[PDB]
């Protein structure tokens, strides 16, 4: 969907309607705590709005916005994971970004940083909105068809007519109560986003493409935007319960992958063009290392990049991972010095590590973070 850096546009409409919708739909018997947190969320509406549009303006490592797309039919066609996932980081999709920003929002909320947490939740909603945009779910880019920018411009100009203020259900109903059933956020999120994205993808094929009529476009925009609103409300509801209901999710959960959110310093030569690796060592002495590399330019000055690592061993628990590190490798005589500001590691929905660094890394060097 379209959005603007000042926090206005289709994306902000969706996020804003999301809190209005959740408020109308909240059942009268819902615990007081759920309403208190909703209220703090409303106080921070401006950040939710800024977050909901920001990813389209982030100077990142994605030259063609690949992470704003997601095909809901791939992420489980039951084709085995490529062997390269074991030595190289894997790129993000709109679905993986929802999990990433959600984990960052829950973490900041618990630490009491409401503005930053709300901003993060907004970015999570931005990616859900993308997962619910017909052209994004069908992977039809601006290069494949002029229908992409046209449909989005068309939806942007009529955004006010596409607003809704209820999902048609109250929190006591199935739509919302089914959101609390699965204790595991990541798996609930993936299938929740998937049903909405599959619906959006079908709308590309049935009503939104360049071979359809203006009335078909009207129906596609209406359903896709209403769906984007309903799903956003669903996420906010899940969020409020997660940050309110204090349950520790079990440290006995298998760790299939780790995600690192790395912030490079803003000093002049903080960025580097050398090879950068992320690695781990278990209690059992086994180690695994991956090259960090996204489609665009990684580790530039002041950037914030994400890297996903698939573990070779799928029966490990977070506690089995004894050490974690990043490592720089040069090809020239002295190489390119790197100064990371902060690194966060996420596992199964929780940020298990948050380390400020602000120290230079030189030559071929290994810097331990855990």
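Residue numbers count along the first chain shown, from 1.
- For the pair 48 to 56 and 330 to 338, the mean Cα B-factor is higher in 330 to 338.
- Once the C-alpha B-factors are averaged per stretch, 229 to 237 and 167 to 175 rank with 167 to 175 first.
- As recorded in the PDB entry, 300 shows the highest C-alpha B-factor of the residues 300, 94, 221, 104.
- Within the listed group 249, 291, 141, 199, the record reports its top CA B-factor for 249.
- Residue 67: CA B factor lies in the lowest third for its chain, per the PDB record.
- Per the PDB record, residue ranking by Cα B-factor puts residue 74 in the highest third of the chain.
- When the modelled residues of the chain are ordered by C-alpha B-factor, residue 243 sits in the highest third.
- In this PDB entry, residue 112 carries a Cα temperature factor that places it within the highest third of its chain's modelled residues.
- Residue 118: CA B factor lies in the middle third for its chain, per the PDB record.
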